[PDB]
Amino acid sequence: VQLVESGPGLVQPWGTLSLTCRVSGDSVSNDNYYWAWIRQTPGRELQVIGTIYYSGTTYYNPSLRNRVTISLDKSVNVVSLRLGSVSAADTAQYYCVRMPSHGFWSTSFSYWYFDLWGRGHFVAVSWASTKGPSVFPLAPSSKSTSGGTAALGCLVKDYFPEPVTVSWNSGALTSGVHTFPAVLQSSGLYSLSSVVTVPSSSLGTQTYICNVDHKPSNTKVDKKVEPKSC
Amino acid sequence: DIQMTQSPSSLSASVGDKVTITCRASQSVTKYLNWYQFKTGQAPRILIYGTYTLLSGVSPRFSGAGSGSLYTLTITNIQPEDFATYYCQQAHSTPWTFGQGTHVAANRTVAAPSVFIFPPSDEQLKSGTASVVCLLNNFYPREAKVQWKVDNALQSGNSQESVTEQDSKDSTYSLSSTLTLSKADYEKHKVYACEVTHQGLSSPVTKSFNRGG
Amino acid sequence: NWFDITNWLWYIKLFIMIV
Ligand SMILES: *[C@@H]1O[C@H](CO)[C@@H](O)[C@H](O)[C@H]1NC(C)=O
Ligand SMILES: C[N+](C)(C)CCOP(=O)(O)O
């Protein structure tokens with residue numbers, strides 16, 4: 001059983017924001033399960049947006065009830081969330097979730113818990129328009145060497161909205177990598193850096209490429225990082 | 001709505017210690033109380049439902065307890081894979097509500113950071129600004145002081161800092177202090193230096209370059 | 001809504017199990 005959530009990265013204020021969760025294990029009309037949407041705001045608070053059943057019945061959190069609708073699309077096995085009149089306070093990670101429906105004679109009747117969670121999907125809500133990042137090398141030098149190992153990276157500067165995804169050597173490099181969290185610059189745009197430590201002997205034989213992705217502006221960038229000879 | 005509070009908000013522990021997390025509710029929730037595990041990298045994961053019940057594949061180190069308004073999660077022989085943040089949720093009333101979360105991090109032995117410095121990329125100087133990065137790699141504890149000095153003067157609001165989460169195996173942090181400047185100011189000065197103070201360093205450690213040569 | 005009802009139903013079911 002797999003749960004893949006999807007939707008837009010950025011939504012305009014007063015718009016309606018739609019997410020879809022594709023359910024990959026069993027049918028949504030399984031009727032042993034309800035399906036639900038739960039969200040986490042920046043600031044770590046968990047809010048439970050909605051409850052639904054194969055029969056069509058829905059539960060909505062009162063603070064949203066005036067403007068949310070959840071529904072099943074049985075033919076393709078998806079569960080949909082629409083959220084209208086959306087504001088900045090709807091910026092959050094949106095999780096799709098499964099919930100056992102225990103029947104009357106079940107040992108565990110009336111026990112309601114969220115037993116399976118998707119990975120989440122982030123939605124920023126902003127008047128501001130999309131903007132891709134610029135990528136600059138952080139080249140290794142003698143100034144970025146300590147003993148036998150050298151440090152190198154690339155700077156991902158001036159982008160909106162969050163998030164950016166960074167990899168090294170197309171995924172083949174995953175040892176000692178540190179891609180930091182973003183920071184909100186004075187401009188109102190975000191920037192981060194991604195850095196890896198490698199053995200200094202390996203410069204001049206091993207190529208180091210960093211791969212940046214920014215899906216809200218359809219940006220993919222591969223920046224090659226060359227050694228300096230300080 | 002039933003209000004929920006966990007204690008402590010954050011704690012840190014050595015591998016092997018017993019760790020207990022308390023969850024108090026504004027009403028009685030009569031044992032309809034669930035526990036979840038949140039780690040960066042994976043999807044949130046349930047471990048207990050209805051105060052005491054473990055789900056398949058959750059290790060028996062985890063154990064739940066409680067009644068009335070007061071419940072408690074316990075990690076018995078805490079392991080590297082257990083360091084994460086834990087949430088309690090009440091299933092008693094119509095609008096279901098979670099706690100605020102307890103972040104459990106590792107205690108570890110002191111580790112001094114290795115310091116690196118990066119001047120601005122030629123590509124970036126063409127664009128008209130200049131960012132210089134100071135990197136502090138793989139240290140513990142989290143507290144570290146990073147001061148920037150340009151031709152011996154301290155920089156005020158010139159720089160921004162960022163800090164990774166604790167490494168899963170290393171149990172350590174890394175930190176970037178990036179100082180951002182107009183191409184103007186950067187062309188002005190000569191000697192750019194990054195000074196670091198941290199426990200497990202006896203003397204402050206400085207890394208510096210001269211603009212150009 | 002049905003959720004809150006199961007809260008009471010549990011006790012109904014106990015009343016039943018006794019008999
Ligand atoms: C870590 O363990 C040592 C053991 O002596 C203790 O003194 C110290 O207070 C602990 N620190 C934290 C952050 O748990
Ligand atoms: C019935 N309940 C499990 C929901 C709570 C009350 O159980 P108990 O307090 O009778 O053990």
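Taken together, the values in this text are just the output of simple stated rules run on the coordinates, not laboratory data. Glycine also receives a Cβ, built like all others from the backbone with ideal geometry; neighbour counts cover every protein chain displayed.
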Worksheet item: What list of whole percents do you get for P(r) of segment A:149-208, with Cα-Cα distances grouped in 5 Å bins up to the one holding the largest distance?
Response: 4, 17, 26, 19, 14, 9, 7, 2, 0
Item to complete: Could you line up B:63, B:114, A:29, A:193 from fewest to most neighbouring Cβ atoms inside 10 Å?
Response: A:29, B:63, B:114, A:193
Worksheet item: Of A:90, A:73, A:115, which has the largest mean-square fluctuation in a 10 Å C-alpha GNM of chain A?
Response: A:115
Worksheet item: When chain A is modelled as a GNM with alpha-carbon springs shorter than 10 Å, which of A:103, A:15, A:56 fluctuates the most?
Response: A:103
Worksheet item: Between residue B:10 and residue B:143, what is the label-to-label distance in nm when each label sits 7 Å out along the Cα-to-Cβ direction?
Response: 1.2 nm
Response to the item:
Cα convex hull volume per residue for chain A, in Å³, equals 168 Å³
Worksheet item: What list of ³J(HN,Hα) couplings, whole Hz, do you get for segment B:122-130 from phi and the Karplus terms 6.51, -1.76, 1.60, once you set θ to phi - 60° and write x for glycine and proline?
Response: 3, 3, 6, 5, 4, 5, x, 10, 9
Worksheet item: What per residue convex hull volume, in Å³, do the alpha-carbon atoms of chain B yield?
Response: 165 Å³
Item to complete: Output the antiparallel fraction of DSSP beta bridges having both residues in chain B, as a percent to the nearest 5.
Response: 95 percent
Practice prompt. Pick out which of B:138, B:34, B:158 has the largest mean-square fluctuation in a Gaussian network model of chain B, springs linking Cα atoms closer than 10 Å.
Written response: B:158
Discussion item. For segment A:1-127, what does the convex hull of the Cα positions come to per residue, in cubic angstrom?
Written reply: 108 Å³
Worksheet entry | Chain lengthening between residue A:87 and residue A:1 when straightened (0.36 nm per residue, less Cα-Cα) | 27.6 nm
Item to complete: Within a 10 angstrom radius of each residue's Cβ in A:195-207, how many Cβ atoms of other chains show up on average? Whole number is fine.
Response: 1
Worksheet item: Separation between the residue B:109 and residue B:63 pseudo-spin-labels, each 7 Å from Cα along Cα→Cβ, expressed in nm?
Response: 3.1 nm
Discussion item. Between segment A:200-230 and segment A:44-90, what is the separation of their alpha carbon centroids in Å?
Written reply: 41 Å
Worksheet item: Got a sec? Which residues in segment A:190-213 would a label at residue A:146 touch, if it sits 7 Å along Cα→Cβ and we count backbone N under 15 Å?
Response: A:195-200
Worksheet item: Got a sec? Which residues in segment A:144-168 would a label at residue A:175 touch, if it sits 7 Å along Cα→Cβ and we count backbone N under 17 Å?
Response: A:148-152, A:168
Item to complete: Would you please give the residues with an amide H less than 5 Å from that of residue A:138, counting only those at least 5 places away or on a separate chain, with H modeled from the backbone geometry?
Response: A:153, A:154, A:155
Worksheet item: When N counts the residues of the protein assembly as shown, how does its alpha-carbon radius of gyration compare numerically with 2.2 N^0.38 Å, as a ratio?
Response: 1.13
Worksheet entry | Among beta bridges that DSSP assigns inside segment A:1-127, antiparallel share in %, nearest 5 | 95 percent
Worksheet item: Viscosity 1.002 mPa s, temperature 20 °C: Stokes-Einstein D of segment A:83-140 from its Kirkwood Cα radius, in µm² per second?
Response: 133 µm²/s
Worksheet item: What does the charge dipole of segment A:1-127 about its Cα centre add up to, to the nearest 20 debye, if the Cβ of each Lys and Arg holds +1 and the Cβ of each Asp and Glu holds -1?
Response: 200 debye
Worksheet, complete the sentence: In deg cm²/dmol, rounded to the nearest 500, the helical mean residue ellipticity at 222 nm of the protein assembly as shown, built from -39500 (n - 2.57) for every DSSP H run of length 4 or more, is -2000 deg cm²/dmol
Worksheet entry | Estimated distance in nm for a label pair at residue B:152 and residue A:213, the labels positioned 7 Å out from Cα along Cα-to-Cβ | 5.1 nm
Worksheet entry | Note, ³J(HN,Hα) from phi for segment B:40-45, Karplus 6.51, -1.76, 1.60, rounded to Hz, x at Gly and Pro | 5, x, 10, 6, x, 9
Discussion item. Full-extension gain between residue A:185 and residue A:75, please, as 0.36 nm times their residue separation minus the C-alpha to C-alpha distance.
Written reply: 35.1 nm
Worksheet item: Whose amide H sits under 5 Å from the amide H of residue A:193, counting only residues 5 or more places off or on another chain, with H placed in the peptide plane?
Response: A:156, A:180
